[PDB]
Structure formats: C-alpha cells, structure tokens
C-alpha cells in the first residue's frame, strides 16, 4: 500500500516558475515556449513493487517504471540522459536525477485533494499543482 494516495489520473491545474526551472536545465527558447503551453496529465499506477508514472501532453509523452530505492537510467522529456532514483520519504515521493555533475529533485506530495510537484534545480524552485481528472 506504499503509494496508494498517488495512484490515478491527475491533470495540471497551475504552474509557478516553470520557465525559470527549464532555463536552469538548459532548455532552449522554442522548447520552453511549447512546453510551458502544455497541459499534461500524470498517470500513476502500481503493480506489486513496480510503480509506473506516465506524463502525457501534446508536447511529449513520457513513461517510467521503477522500484523504490533502485536506480534506473531515464531519458527525460527534454532529452537529458540521467541516473534516477525514486524513494518514499515520509509520504513524499522523492525523485532525484543526476547527470553531468548536476542534480535536480522532483518531489510529489499529497496536500488536500492535490498532487503537488516541487521541481528544484540549484536555487530555482517550480511548483506544479495537479488535481484528479
């Protein structure tokens, strides 16, 4: 029952500082424009110990499957080749990506009826709020 509160289909409702976050990742002008326009859905499912997280939009579709604590190689929506580990820390799903001496964190928490995604790179924090579809 590790991740029960996260399971389902979620839709983006608000975004704060995403452009700045994408700049910190090195995302170029055209991609930042088209990515910022996106209204994704995030679909989280669980089969035993395997969690699947899909992110679907008109810009890109991504899909990762993982076991908590077990590192995996990920190719992100902006085409970074990263080493990823996802853990549950006190009810928060913490996703760390490492590449090229750099790191970013993607943390997901349940707050009221929302799924709140915090993206942090260096000094920059973006918050993406999702609600159930």
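Numbering follows the first chain given and starts at 1.
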Problem - Third of chain Cα B-factors occupied by residue 51 - result: lowest
Completion exercise
Chain-relative C-alpha B factor for residue 97 (record values, thirds): the lowest
Completion exercise
Of the three thirds of Cα B-factor ranks in this chain, residue 80 occupies the middle
Problem - B-factor third for the C-alpha atom of residue 5 within its chain - result: highest
Exercise for the section: Comparing against every modelled residue in the chain, figure out the third that the C-alpha B-factor of residue 59 lands in (lowest, middle or highest). Expected result: highest
